[PDB]
Amino acid sequence: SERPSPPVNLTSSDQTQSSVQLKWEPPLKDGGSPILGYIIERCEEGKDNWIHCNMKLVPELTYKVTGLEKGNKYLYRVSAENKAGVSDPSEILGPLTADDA
Amino acid sequence: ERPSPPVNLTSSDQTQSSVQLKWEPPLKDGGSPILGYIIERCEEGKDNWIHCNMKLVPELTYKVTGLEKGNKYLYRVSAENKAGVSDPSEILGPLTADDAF
Amino acid sequence: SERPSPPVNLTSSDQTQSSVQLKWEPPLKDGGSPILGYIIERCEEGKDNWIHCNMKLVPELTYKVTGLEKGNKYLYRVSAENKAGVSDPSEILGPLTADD
Amino acid sequence: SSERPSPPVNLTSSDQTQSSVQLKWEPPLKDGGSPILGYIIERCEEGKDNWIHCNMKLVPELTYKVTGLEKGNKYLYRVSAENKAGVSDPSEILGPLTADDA
Amino acid sequence: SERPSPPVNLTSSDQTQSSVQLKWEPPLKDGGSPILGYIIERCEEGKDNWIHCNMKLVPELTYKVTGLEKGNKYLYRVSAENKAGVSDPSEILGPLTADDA
Amino acid sequence: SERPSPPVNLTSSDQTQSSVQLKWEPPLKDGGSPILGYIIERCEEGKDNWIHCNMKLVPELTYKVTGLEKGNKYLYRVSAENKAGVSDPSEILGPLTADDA
């Protein structure tokens, strides 16, 4: 009937100089319609614009962000989409630095 | 004394007739170990909370069954020790009883 | 360039009369440098002092606390460290009773 | 261009009576790029599964007195924010709160 | 019917060497019965036991703690009571040092 | 003996085309020393840099941000300082648009 609530508990792992593994939990409210997938966005320091990380909807609760530039800091957020619309983005993750560890 | 509520109640494997719930233990056990958990659900179109499990669930997960296809459900979980039962966790849902994804 | 933010969602499992397994998620902000490891602290009821549990940094997101006294209640908190410094401790977990 | 704002936060109550309650909240942390025009207050009674609009016109303030409560009943409350782009998700739910004198 | 939920958003102001002004918001859930009042407790560092500050229930949403010792650090928590019982305490405030601004 | 915790519940009111009134609550933990004051920072969209708004520490729990440009979006955060050091900034407030209500 309506858009779902935001995904919750966005977290990270496997941070490298060029990628990072994001993980989250599903919305607490689906808005009355099943979740079709998720939209991952990232924002780099030095730019005020949020970029889409996945082209097609991600049906998983995890996603590997790629294309990171070494030494840069990045913010991350993830939204959920159903037939009714797209949720507000989760709470922002980051700044996380693109370094090997 | 009674423990604090369970935290971070989440879901997975939503079907037309069931859903897998998962949570984390209380941050405070009130001075006595947790004996188990009490799972409750509430359907839309009805104002009463129903007990899902008969005996206490000692695990941190539980499969709710007996859902009606297409209906929306709320969920909450409490923790019990020798002293009493905690307040319920944060409410999960509305979640629609449909085969997800 | 600066200290990271606290670890988040500190939780517990596998509580025994002498040990407990702690688990957490990494800081939301690393302060510009990778996380080197974590510092686990505990505080017993009947004492107002926080104690370090691990000597060397824990690079993992989990750690088994040992040496607990039967029947006692304990508080727990974990911090993250990078080359710049140590974060504020996470939200306090506990009191958790040391019983099987 | 713009988008809906984030939900109002910290919805709380005061002056609970047999027939009314004073609701209070804080503005969204994100306005979506356009000023907040006002707020939409909703309530849900126990014994009914439907959310009801309490105010007809938008409330521009950060407070609003809900009236028409039935003595002894329990009520849930939530508030949303609206700008030119749309209406936010409702805040976290307040209640059940019983309409009774101390 | 049942005990209320904990008071929320416990905060402070007007910290002195002998007192502090506490303020909070009412429970999100009253358990089906009005809140009769609140119970303020404090715990000093160097002592492991929580002490009751007020004898009679406080019907207001604020209360001035007195009798603090200069230089000492204190923890604070507040509970709500209705005809059914007393809630879990709010989130703990402090350590706050008993010193003049 | 150590820095305080971040200020909490940073909120806004009286948004205009050139100013906004910020308000917050004191740290939950003062680190064992009184709070000397607060440091207010803002960041404009289209720029990745946080700017200090106040020169001298603000002892109050509120502050009027000025110098905003009409139509621009701004982020805000506030830190607390004692004799031991400066806290991590509070949770970020914004984006909030500089426009007359």
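The basis for the numbers below is simple: all heavy atoms, side chains too, and nothing from hydrogens, waters or symmetry mates. Letters go in sequence order (proteins before strands), and every chain restarts at 1.
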Within-4.5 Å side-chain heavy-atom neighbours: D/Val9 and D/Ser91:
no

Can you tell if the side chain of A/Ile35 reaches within under 4.5 Å of the side chain of A/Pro26, non-hydrogen atoms only?
no

Using atom types as modelled and distance alone, determine if a side-chain donor or acceptor of B/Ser18 lies under 3.5 Å from a backbone N or O of B/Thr65.
no

Give a yes or no on whether the backbone of B/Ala83 and the side-chain of B/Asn81 come within a donor-acceptor separation of less than 3.5 Å.
yes

Residue pair E/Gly31 / E/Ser1: nearest heavy atoms and the distance that separates them:
O-CB, 3.4 Å

Can you confirm whether B/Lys22 sits close enough to B/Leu60 that some side-chain heavy atom of one is under 4.5 Å from a side-chain heavy atom of the other?
no

Side chain to side chain contact (heavy atoms under 4.5 Å, CB included) assessment of E/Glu91 paired with E/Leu10:
CA-CA 7 Å; E/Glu91 293 295 350; E/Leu10 176 60; over 6 Å; no

Side chains of A/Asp30 and B/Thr96 only: does a donor on one sit below 3.5 Å from an acceptor on the other?
yes

Kindly give the heavy-atom pair with the smallest separation between C/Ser79 and C/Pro89, and that separation in Å.
OG-CA, 3.2 Å

Has the side chain of C/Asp100 got a donor or acceptor atom that lies under 3.5 Å from a matching backbone atom of C/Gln17?
yes

CA sep, side-chain torsions, deciding dist, call: D/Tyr75, D/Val66, side chain to side chain contact (heavy atoms under 4.5 Å, CB included)
CA-CA 11 Å; D/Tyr75 296 87; D/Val66 180; over 6 Å; no

Show, in sequence, the C-alpha distance, side-chain angles and deciding distance for C/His52 and C/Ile40, and conclude whether the side chain to side chain contact (heavy atoms under 4.5 Å, CB included) test is met.
CA-CA 6 Å; C/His52 285 255; C/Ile40 296 83; over 6 Å; no

Taking it one step at a time, do D/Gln22 and D/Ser13 satisfy side chain to side chain donor-acceptor pair (under 3.5 Å)?
CA-CA 6 Å; D/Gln22 188 79 34; D/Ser13 59; over 6 Å; no

Would you call C/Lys70 and C/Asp99 a salt bridge, using N to O less than 4.0 angstrom?
no

Could you work out, with salt bridge (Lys or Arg N to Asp or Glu O under 4.0 Å) as the rule, every residue matching E/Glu41, not counting sequence neighbours?
E/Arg77

Check this for me, if you would: do E/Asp88 and B/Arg2 make a salt bridge, where the nitrogen-to-carboxylate-oxygen distance has to be below 4.0 angstrom?
yes

First locate atom CG of E/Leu57, then atom CG of E/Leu36, and finally report the distance between them rounded to the nearest 0.5 Å.
6.5 Å

Nearest-0.5 Å distance that lies between atom CD1 in E/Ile92 and atom CG in F/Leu28
11.0 Å

For B/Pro94 and B/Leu74, work out which heavy atoms get closest and say how close.
CA-CD1, 4.2 Å

Look up atom CG in A/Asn9 and atom OG1 in B/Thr10, then write down how far apart they are to the nearest 0.5 Å.
8.5 Å

Heavy-atom closest pair, residues A/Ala80 and A/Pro4:
O-CG, 3.6 Å

Separation between OG (B/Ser17) and CG (B/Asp98), nearest 0.5 Å, reads 11.0 Å

Check side-chain hydrogen bond (donor to acceptor under 3.5 Å, both in side chains) between C/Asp14 and all other residues, then give those that pass, not counting sequence neighbours.
none

Distance col, row E/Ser87:OG vs E/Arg3:CZ, nearest 0.5 angstrom, shows 8.5 Å

A/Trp24 and A/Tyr63: aromatic ring centres closer than 6.0 Å?
no

If you compare all heavy atoms of E/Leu93 against all heavy atoms of E/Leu22, which two are closest, and at what distance to 0.1 Å?
CD2-CD2, 4.0 Å

Which pair of non-hydrogen atoms, one from E/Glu60 and one from E/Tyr38, has the smallest distance, and what is that distance?
O-CD1, 3.4 Å

E/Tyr76 vs E/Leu96, side chain to side chain contact (heavy atoms under 4.5 Å, CB included): CA-CA, chis, key distance, verdict
CA-CA 9 Å; E/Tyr76 304 97; E/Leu96 293 181; 4.3 Å; yes

Under a plain distance cut-off of 3.5 Å, with no hydrogens placed, do B/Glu43 and B/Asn48 share a side-chain donor-acceptor pair?
no

Atom OG in B/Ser32, atom CD in B/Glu1: separation rounded to 0.5 Å?
11.0 Å

Is it the case that D/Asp100 and D/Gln16 place a side-chain donor and acceptor less than 3.5 Å from each other?
no

